[PDB]
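[1] this one's experimental. Sequence and coordinates below.
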There are 2 protein chains.
Amino acid sequence: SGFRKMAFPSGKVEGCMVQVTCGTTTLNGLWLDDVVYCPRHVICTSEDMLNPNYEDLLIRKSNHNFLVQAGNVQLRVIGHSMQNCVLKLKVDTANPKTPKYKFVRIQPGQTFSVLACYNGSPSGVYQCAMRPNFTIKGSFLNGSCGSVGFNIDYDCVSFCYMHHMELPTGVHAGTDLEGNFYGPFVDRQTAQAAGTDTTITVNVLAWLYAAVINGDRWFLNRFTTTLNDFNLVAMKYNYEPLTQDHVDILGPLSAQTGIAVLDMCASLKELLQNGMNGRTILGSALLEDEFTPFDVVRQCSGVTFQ
Amino acid sequence: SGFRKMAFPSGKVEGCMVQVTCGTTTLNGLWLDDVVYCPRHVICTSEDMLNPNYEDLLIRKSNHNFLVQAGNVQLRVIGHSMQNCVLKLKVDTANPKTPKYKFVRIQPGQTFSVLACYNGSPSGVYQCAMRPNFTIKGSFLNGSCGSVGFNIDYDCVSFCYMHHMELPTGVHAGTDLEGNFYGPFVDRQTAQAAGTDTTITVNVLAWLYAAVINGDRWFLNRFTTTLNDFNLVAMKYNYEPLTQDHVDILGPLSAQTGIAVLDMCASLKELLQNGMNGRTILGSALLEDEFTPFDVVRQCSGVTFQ
Ligand SMILES: *[C@H](O)[C@H](C[C@@H]1CCNC1=O)NC(=O)[C@@H]1[C@@H]2[C@H](CN1C(=O)OC(c1ccccc1)c1ccccc1)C2(C)C
Ligand SMILES: *[C@H](O)[C@H](C[C@@H]1CCNC1=O)NC(=O)[C@@H]1[C@@H]2[C@H](CN1C(=O)OC(c1ccccc1)c1ccccc1)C2(C)C
């Protein structure tokens, strides 16, 4: 028992992290086979970052402009190209630690693990959800760009995120590994704002089920509601509408606990209207929305990876 | 910016995790050089776990009773001995992935990273604090025993914890790597209870400083208090006394923010008396006490490891 925000083991990703230096900019890159992937604003100066034109900036670069440090070993760049907002530096050495991998793009509401890195050296690991507004509430300091986000499925690493920037509210923005930004953001130091957020309704119900499995039962009740009439309360607590597919994916959790999905919604309706009155749920005094149904099932059953 | 509960990269520990099977019991073990460390209750049956006598149980075991799986490779046991509550299985192969390491014992209030494992396969990683009562609020299912807790200092892994059991309240108990339990617990399936807990006062102040660095300032105030008179309020909110050494270790954080330690205590006194009135701090609606001063500094400056 116990519930606790849990990242994937980071080993397979740690073996891919390298340092990329161009001019004065130094950031992280991701070495898979004989390519190093990194955010394209490495070619920029600081006076270049206000309104760059990256594809003019890149024709002016040379292979030897790019200094690649894999730990205490230098890799020679033998080719460079730009795919959307990421750079692809073709190097003379294939990464011997290259895991089986895929490039996937995730959906807001889905989670992943972030391996925060500085100078090519992993610093720490933690879990993140992709918010409905395509930002992530991470922990990122200067020079963390090129840290990646990922999930693991047995032996295969699915990379979903590359860090690029922080927004004025303190949230973080980035792309997938094919270089396409999550959300309406550009890699220019200008006045971008996050867009309005909502609470991931299906995840909250997931976490409430995690709670019941771990013995937190005080918020339960005999009441029930219709899917329709819960969504009326959702709309006014800035929660997302719940769909019959969400009710489906909650099916396995409903079964284990014996609490129908619509009864838990009725329990949530009350939590929203009444608050929690000095009580906690899984050691939180807030309704938590960054655990997916698969996250709950994973941890309240305990899958593994190699 | 951002604050987020962050574990150490787990790679160096992942390369040490193995599966130990004896009879019907299967648990995790820790392979450093030519030894595998694992909780001694692996020699037990289920009818042996109610009141074992381990040192009679062990003279009845043979080297070949112990089945050691390093991934898909079997290690032969060539020796076995008991040190306190852990077993030491001498194997014929030194672990080629053995990091530079130490065995340390941590102090309640200190944190570490846990790599939860099942069947020798790492499942996930997360941060934990050693509570004042020598328990830890982890996430552990059957068969997670032998998962270790650790910190990393550049390249050296300091192992501090080995999981053994869960208590009836759902908290977790274990030993250091020399086999000595944290707190007044024994590796017998009987009626042990955790002992009364308190809130780690120095950590809360640390986290409040983390908040101010990240822009959460609403709880600040011009007021001040004496170290004496804050400790009077501490005693009645089940907080630990604060000492002049805690004020010292908070010195660097006090300096960065320009908020004297005693002014933050006065800000905490108010939080305890008034609550938070619908507000949050670093996305928590509770006063959080599982971040050390070093944790805050580490993350609000961003150190790394190799
Ligand atoms: C890459 O290492 C760095 C990571 C950022 C820096 C601090 N926290 C992070 O996550 N990325 C950047 O610096 C990107 C680069 C330059 C601007 N930028 C960025 O994040 O800017 C924000 C910012 C933006 C507008 C106005 C004010 C600040 C920022 C926030 C805090 C500290 C530094 C920068 C591009 C090419 C987008
Ligand atoms: C080792 O894999 C296992 C890990 C435990 C099991 C569930 N969560 C965990 O952290 N350790 C044990 O099973 C230890 C072994 C046997 C008893 N034990 C244990 O944790 O018992 C508790 C328990 C204790 C007293 C009364 C009721 C339950 C427990 C809790 C939940 C599920 C199973 C067991 C010793 C040798 C101490």
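    Done, it's in. Numbers count the residues shown, from 1 in each chain, chains lettered A, B, ... in the order given. Ligands and ions are numbered 1, 2, ... in the order given.
[2] hmm, stretch A:168-179 touching chain B?
    Yes - interface with chain B: stretch A:168-179 contributes A:170, A:172 (C-beta under 8 Å from any C-beta of the partner chain). C-beta coordinates here come from the backbone N, C-alpha and C atoms, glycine included.
[3] mind exporting that stretch as PDB, just the C-alpha atoms?
    What follows is stretch A:168-179 as a C-alpha-only set of coordinates in PDB (Å, rounded to 0.1, in the frame of the first residue of the first chain):
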ATOM      1  CA  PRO A 168       6.000  34.100 -17.500                       C
ATOM      2  CA  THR A 169       3.700  32.300 -15.100                       C
ATOM      3  CA  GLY A 170       6.500  29.900 -14.200                       C
ATOM      4  CA  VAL A 171       5.100  27.000 -16.300                       C
ATOM      5  CA  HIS A 172       7.200  25.200 -18.900                       C
ATOM      6  CA  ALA A 173       6.800  24.600 -22.700                       C
ATOM      7  CA  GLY A 174       8.300  22.300 -25.200                       C
ATOM      8  CA  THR A 175       8.000  20.000 -28.200                       C
ATOM      9  CA  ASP A 176       7.800  16.400 -29.100                       C
ATOM     10  CA  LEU A 177      10.900  14.700 -30.400                       C
ATOM     11  CA  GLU A 178      10.000  15.500 -34.100                       C
ATOM     12  CA  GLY A 179      10.300  19.200 -33.100                       C
END
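[4] show me where chain A has its helices.
    A:11-14, A:54-59, A:201-213, A:227-236, A:244-249, A:251-257, A:261-274, A:293-299 (DSSP state H).
[5] hmm, residue A:70 and residue A:76 touching each other?
    No - taking contact to mean C-beta atoms under 8 Å, the distance of 11.2 Å between residue A:76 and residue A:70 leaves them out of contact.
[6] pull up the gap between the residue of the stretch 201-306 of chain A found nearest ligand 1 and chain B, please.
    Relative to ligand 1, the nearest point of the stretch 201-306 of chain A is residue A:290 (18.9 Å; C-beta to the nearest ligand atom). Look at residue A:290 and chain B: by C-beta to the nearest C-beta, to the nearest Å, they are 10 Å apart.
[7] find the nearest non-adjacent residue to that residue, please.
    Distances taken as C-beta to C-beta, 6 or more residues apart in numbering or on different chains put residue A:129 closest to residue A:290, at 3.9 Å, once the chain neighbours are dropped.
[8] what bridges to that neighbour?
    Here residue A:129 sits in beta bridges with residue A:111, going by DSSP bridges.
[9] what residues does it make contact with?
    A:109, A:110, A:111, A:136, A:137, A:200, A:203, A:289, A:290, A:292 (C-beta atoms under 8 Å, 6 or more residues apart in numbering or on different chains).
[10] now for those residues: which two are most distant?
    Comparing every pair within the contacts of residue A:129 by C-beta to C-beta identifies A:137 and A:292 as the most remote, at 15.8 Å.
[11] doesn't residue A:146 make contact with residue A:28?
    Yes - the pair residue A:28 and residue A:146 passes the contact test of C-beta under 8 Å, sitting 3.2 Å apart.
[12] which neighbours do the two share?
    Counting by C-beta under 8 Å, 6+ apart, the contacts common to residue A:28 and residue A:146 are A:20, A:38, A:117.
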